[PDB]
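These are the residues of each chain, in order.
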6 protein chains.
Amino acid sequence: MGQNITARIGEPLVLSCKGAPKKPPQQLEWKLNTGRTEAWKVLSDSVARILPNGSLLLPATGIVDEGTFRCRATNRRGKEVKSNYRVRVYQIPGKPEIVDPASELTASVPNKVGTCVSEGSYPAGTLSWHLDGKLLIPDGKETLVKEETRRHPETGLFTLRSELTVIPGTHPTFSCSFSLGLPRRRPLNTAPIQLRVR
Amino acid sequence: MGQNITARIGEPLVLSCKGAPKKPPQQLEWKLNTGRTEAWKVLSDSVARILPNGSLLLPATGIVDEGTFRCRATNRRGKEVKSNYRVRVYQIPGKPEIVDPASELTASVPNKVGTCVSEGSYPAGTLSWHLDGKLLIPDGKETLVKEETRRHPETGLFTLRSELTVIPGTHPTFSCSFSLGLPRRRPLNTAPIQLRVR
Amino acid sequence: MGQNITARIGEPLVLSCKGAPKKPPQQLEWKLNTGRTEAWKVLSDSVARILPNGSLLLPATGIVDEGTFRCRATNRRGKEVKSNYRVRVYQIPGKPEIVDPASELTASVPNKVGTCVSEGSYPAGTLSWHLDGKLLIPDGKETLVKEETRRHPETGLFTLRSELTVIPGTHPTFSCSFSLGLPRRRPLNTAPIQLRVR
Amino acid sequence: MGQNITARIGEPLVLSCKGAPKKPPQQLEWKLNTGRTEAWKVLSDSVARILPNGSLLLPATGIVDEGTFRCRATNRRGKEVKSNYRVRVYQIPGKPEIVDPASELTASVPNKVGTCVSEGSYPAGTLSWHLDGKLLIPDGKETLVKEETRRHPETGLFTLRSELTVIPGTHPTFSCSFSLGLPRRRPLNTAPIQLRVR
Amino acid sequence: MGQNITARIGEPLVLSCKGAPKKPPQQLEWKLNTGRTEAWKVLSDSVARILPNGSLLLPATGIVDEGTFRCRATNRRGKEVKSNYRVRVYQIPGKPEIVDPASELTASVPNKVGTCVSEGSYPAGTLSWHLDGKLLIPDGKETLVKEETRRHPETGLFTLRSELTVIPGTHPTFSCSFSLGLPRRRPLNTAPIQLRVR
Amino acid sequence: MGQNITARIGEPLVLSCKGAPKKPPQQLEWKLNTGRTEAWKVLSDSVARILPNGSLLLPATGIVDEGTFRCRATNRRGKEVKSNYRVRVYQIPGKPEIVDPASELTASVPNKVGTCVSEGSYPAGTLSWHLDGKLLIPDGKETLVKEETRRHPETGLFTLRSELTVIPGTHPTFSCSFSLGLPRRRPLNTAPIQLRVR
């Protein structure tokens, strides 16, 4: 059950090879499929390095380290041991913040309440508003929300924004929460396609 | 409860610092007390190295890596976070073996049965014999055992030997087991003394 | 006039020391004040490294490399030569984009036209709109604009947003331009203060 | 006569290439056959490294460094120079020790005198006892000796043990000596075979 | 016009690749033709190293770094960008010196005036004498000069010597100047031939 | 007798420390006085590096590596062992060559015979001529020789030149030999002085 790894971006990861001798000499090779990999990388540093015990070391994991990590090693008994890991990664964004807040609302007409912003998450996750602590669902009348998620190409992290409009009453309290989109375990994805736009 | 670490010799260990920023710049220093340390080592490679996230990395742990690992880091909020680990280590020896076995015993007199040998353990652990599966206790008459533990100065690992003599009967079966001396958690030791022999 | 350097983030920079011998041995030391520096760094790698000719090398410049770079070297004639550089840095953001555009406007009432977004600049620079190619100034009636600049703490880069509202007519064309805030040369800044908020 | 090298384990070895230019550029390649080598290693670090003068450097020699070291280099005159070394290695064990000694012997019956132990030799070498300084040969009656040599798989070094039994007299003195098995020069060995045990 | 580089020996050189992404991952390879290269070197350290932005770094340029530097990179838009540099190098020699000077000349006969020496130039450049500040041309009678240029095989640098003989008058002043042979731009050379001397 | 080392420039040198343990941990420090050293260097790479056995490694020795190499080490028995080496260095120059030779001599007047040149020696050594194999001494009449030794500041190596003039006879043969100035062992030198020239 432990061939799937979830790892926070920035932090080291060690992947063991089982069957590698505790110390050199060792017959082993690692082959990787990542965001960095064209097809497959192969070795026997600060990118990826092999420890004395044959384990694989990534000094600080990033989105580009997601994918398949495989080892093949000739074991001390002379035959081959296989290792197969799937690495997924995540980032927790900063505290969410409410920008452009209204100080006063006028009952019976629509008002821009504010925008909730989360900066720097992976994967995107979602934002939602509460009013006096209950989840608000958008309707077409008394409420509507425009949300934008935009990804930073220089880091791969996401920014969410959620802008609330309401048509009201007396004295309500509001707040926003960010729920990361991570599930329990392993979602399954097709290989990607890339059509051209004419 | 996790400031104590037990680690198998040969294998990498990562110790986190809590409070270090996820990435550089960081104000932090590690200070170590080990078998290598005279008093205290200090840094901010293949001996000991600091990862991008500020964590401490030992590429392959050995007996000489036992001791105290401390971090002090100036946290992102501006004040100081402390880390304190105690590292202990172990090695599993090879399969035990019986050497110099007797093919035949003569009832009513003492016979050298054989020596059970374990090679390459840390800490020493112990050897014990079974006869038809039950633990044998030594007595002064029908049985006696001479045992020797000797440590390799070039590796720190131990060799145990246990030589059985018996005074017997019909048709008994014998075998030896090695029980490592590791307990659950944390034994407590005085600082050592070193008197001179006149 | 060349003691000030402007350098694009990501790219290498070489700073010469004048007076250093063309090759070793050399008596010289570099001392740095940067975003990384607490007070002053000192040396005689991928952070900062000294080349064979005594020059200073930064392998990929970033915002954290802004500041003062000083060399002191004992010259071939036996006396001392001083070097003093001031490094400033920049990033060009991605192409600006218009998000949430309106397809139709109604004359005589205010309409949300769209938001112009620039992602990933340093320093921030500014956004401005044109209508049929002329600069629009905001007024209080026929036009107003809300703009937000937000900085990414994990990279130091900025995101600008500019949201246009208009009160109109027949058939206008719109577009937005991003003007980086860099000037010709050397603006001068006070040392910073950091009061506490009660 | 100097193409054979004998080297103590732990210590550096430099092997020259003759014909390599005193400095770069150089056309040369080293190919090795060792305990580490599957077939042949090839290069033009702390495992094996090439010095500026083209010589081969092993930072600390071990049993695994035994074998064939070959260089081929394109010489300054344009044609090829060949180098061929055979490396053999050794370790001196610790002082021998006598364990389990008897304080008293009874004349006319056999007595276990003691075990002489040597720890940490390569190659094994041998142990022998003296009584009042003369070599003892084993017989079947007045003396017999059981000896064991056991090799440490984690280091390749050997432990010898020699257990003396005697059938005596008045007042003899005993002592043991360790004679390393190294000869003058170059013993010759067949390539090994490895049959299977059914 | 900037695909030709002239660089002083000893000093670093950075060659950019255009089209390489500002940061990793990048698909690119450098191939070099130099004095070090047999045919072509290829990579994706202190010899030649690739910076984070994909640029090529030579830590201290020498005569052996003259030649062709090519990059091929898969650009961020997915297709290929080519780079092509031609590197030439130079060294300024030391101050010229006059050796073996005559204190007195006798009119009407030839006298050895002195030798002007320049040490350590690349390319060779030339020496010439002035008498009361005017260029002297050699004739067959009143003047003649023997000059020697000799190159140091261990460095590639040149030594020039120029020995003046004159047939004189009253009170002339003499001095020598060294004019480096560098031109403006790019001389063009055939590929070399190497006939054998019988 | 082996605390003095003579080493050819360009080639590696290993200096042992005696008393250092065969392997880490070790308490030792090296302190050096060389052409590179201002006063004394201290350590516990390609400049100078310490091997696993505690020995000192210079990867390619040069004139700048001449001087005093000292080790101090805390030995396995707990007390201190001292090491003290004196390193001297040399270079063999290229084959000597005769330049500017005369094809014909006229008896009864002086003739410039030729210059013998040696390039690239350390220490300087000397040049001498033979005529039909016998050493020529200079006189004031039938022979005289002007010799020049000039040192390359960029390498420290020497160039010798020896220019022969003779006043002759029938059919003599000439040749020149270079005799390096190295003696057997250890010349002794005062510490240097450096007066100023007014």
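Residues numbered from 1 in each chain as written, not as in the entry; some residues may be left out. Chains lettered and ligands numbered in written order. Heavy atoms only, no water. Residues with missing side-chain atoms left out of burial classes, pairs and counts.

Focus: the domain arrangement of chain A
All names here are of chain A.
Then comes step 1: Split into domains, chain A comes out as domain 1 (1–92) and domain 2 (93–181).
Then comes step 2: Using only C-alpha atoms to locate each centre, domain 1 and domain 2 end up separated by 40 Å.
Then comes step 3: Across the boundary between the two partners, domain 1 contributes six residues, which contact 10 residues of domain 2.
Then comes step 4: When grouped by side-chain class, the residues that make up the side of domain 1 that touches domain 2 number four nonpolar, one polar and one charged. (Domains from an automatic or database assignment. Contact = heavy atoms within 4.5 Å. Nonpolar A, V, L, I, M, F, W, Y, C, P; charged D, E, K, R; others polar.)

Considerations on the relation of the copies chain A and chain C
Then comes step 1: Once chain A has been moved 0.0 Å along the axis and rotated by 180°, it coincides with chain C to within an RMSD of 0.0 Å. Such a combination of rotation and displacement between the chain copies is what one expects of a two-fold axis. Residues of chain A ranked by C-alpha distance from the rotation axis are headed by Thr-155 of chain A, positioned 4.2 Å from it. (Least-squares fit on C-alpha atoms.)

Considering the state of the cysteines
Then comes step 1: The residue that forms a disulfide with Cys-116 of chain D is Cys-176 of chain D, at a sulfur-sulfur distance of 2.0 Å. An S-S torsion of about -90° defines the bridge between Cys-116 of chain D and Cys-176 of chain D as left-handed. (Disulfide = S-S within 2.5 Å.)

As for the arrangement of the chains
Then comes step 1: A gap remains between chain B and chain E, which never touch, and the nearest two C-alpha atoms on either side lie 17 Å apart.
Then comes step 2: Structurally, chain A and chain F remain out of contact, their C-alpha atoms never closer than 17 Å.

Description of the environment of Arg-36 of chain C
Residues and elements named next belong to chain C.
Then comes step 1: You can see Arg-36 is positioned in the loop between β3 (27–33) and β4 (41–43).
Then comes step 2: Residues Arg-36 and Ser-16 lie 20 residues apart in sequence; the distance between their C-alpha atoms is 21 Å.
Then comes step 3: Looking at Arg-36, its side chain comes within polar contact range of the side chain of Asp-65, at 2.8 Å. (Helix = DSSP H or I, 4+ residues; strand = E, 2+ residues; numbered from the N terminus. Polar contact = N/O pair within 3.5 Å; in protein donor to acceptor, adjacent residues only side chain to side chain.)

Quick word on the relation of the copies chain A and chain B
Then comes step 1: The transformation that overlays chain A on chain B combines an axial shift of 0.0 Å with a rotation of 180°, and the residual RMSD is 0.0 Å.
Then comes step 2: Both copies present the same face, since 100% of the interface residues in chain A are matched by interface residues at the equivalent positions in chain B.

Examining the side chain of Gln-91 of chain F
All names here are of chain F.
Then comes step 1: Mapping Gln-91 onto the fold places it in the loop between β8 (80–90) and β9 (97–99).
Then comes step 2: A distance of 3.3 Å separates a polar atom in the side chain of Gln-91 from a polar atom in the side chain of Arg-8.
Then comes step 3: Beyond its immediate stretch of four places on either side in the chain, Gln-91 contacts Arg-8, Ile-9, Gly-120, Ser-121, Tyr-122 and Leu-157.

Quick notes on the pattern of salt bridges
Then comes step 1: In this structure, the salt-bridge partner of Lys-112 of chain A is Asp-100 of chain A, at a minimum N-O distance of 2.6 Å. Residue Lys-112 of chain A is found in strand β10 (residues 111–121), and its partner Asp-100 of chain A is found in the loop between β9 (97–99) and β10; the two are separated by 12 residues along the sequence. (Salt bridge = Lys/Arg side-chain N within 4 Å of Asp/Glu carboxyl O.)

A short note on the interface of chain A and chain C
Then comes step 1: Each partner contributes residues to the interface: chain A has 11 residues there, and chain C has 11 residues.
Then comes step 2: If you list the elements that add at least two residues to the side of chain A that touches chain C, you get β10 and β14 (158–166) of chain A.
Then comes step 3: For the side of chain A that touches chain C, the residue count by class is two nonpolar, two polar and seven charged.

Regarding the sheet that holds strand β12 (residues 134–135) of chain B
Residues and elements named next belong to chain B.
Then comes step 1: Read across the sheet, three strands follow the order β12-β11-β15 without closing on themselves; strand pairing throughout is antiparallel. With partners counted over all chains shown, the strands left at the sheet margins are β12 and β15 (174–179), one partner each.
Then comes step 2: Examined bridge by bridge, strand β11 (residues 126–131) and β15 share six bridges and lie antiparallel to one another. Across the sheet, the residue bridging to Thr-126 is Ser-179, located in β15. (Pairing = 2+ DSSP bridges.)

Overview of the interface of chain A and chain B
Then comes step 1: Taken together, the contact between chain A and chain B spans 11 residues of the former and 11 residues of the latter.
Then comes step 2: In terms of residue class, the side of chain A that touches chain B is built from seven nonpolar, two polar and two charged.

Points about the sheet that holds strand β11 (residues 126–131) of chain F
Remark on secondary structure: sheet strands pair via backbone hydrogen bonds, oriented parallel or antiparallel.
Then comes step 1: Pairing is antiparallel across the open sheet formed by three strands, whose spatial order is β12-β11-β15 (chain F). Of all the strands in the sheet, the pair left with one neighbour each is β12 (134–135) and β15 (174–179) of chain F.

So, unusual backbone geometry
Then comes step 1: With an omega of -5°, the peptide bond between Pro-24 of chain B and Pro-25 of chain B qualifies as cis.
Then comes step 2: Within the secondary structure, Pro-25 of chain B is located in the loop between β2 (13–15) and β3 (27–33).
Then comes step 3: At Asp-132 of chain D, a residue that is not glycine, the phi angle is positive and equals roughly 45°.
Then comes step 4: Checked against the element boundaries, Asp-132 of chain D lands in the loop between β11 (126–131) and β12 (134–135).
Then comes step 5: Positive phi, normally seen in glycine, also occurs at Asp-100 of chain F, with a value near 50°.

Examining the packing of aromatic side chains
Then comes step 1: Here the aromatic rings of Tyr-122 of chain A and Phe-158 of chain A are separated by 6.1 Å at their centres, their planes lie at 25°, and the arrangement is stacked. Within this pair, whereas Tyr-122 of chain A is found in the loop between β10 and β11 (126–131), its partner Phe-158 of chain A is found in strand β14, the two being separated by 36 residues in sequence. (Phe/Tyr/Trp six-rings, centres within 6.5 Å; stacked < 30°, edge-to-face > 60°.)

With respect to the pairing of β8 of chain F
Residue and element names in this part refer to chain F.
Then comes step 1: Bridging between strand β1 (residues 4–8) and β8 involves five bridges; their strand directions are parallel. Residue pairing in the sheet places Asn-4 in a bridge with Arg-86 of β8.
Then comes step 2: Sheet topology places strand β7 (residues 67–74) next to β8; eight bridges connect them, and they run antiparallel. Counterpart to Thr-74 in the pairing with β8 is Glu-80.
Then comes step 3: The antiparallel hairpin formed by β7 and β8 contains five residues in its connecting segment, where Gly-78 sits at a positive phi of about 105°.

Topic: the environment of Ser-16 of chain C
Then comes step 1: Looking at where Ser-16 of chain C falls in the secondary structure, it is placed in the loop between β2 (13–15) and β3.
Then comes step 2: Separated by 11 residues in sequence, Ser-16 of chain C and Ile-5 of chain C have C-alpha atoms that sit 12 Å apart.

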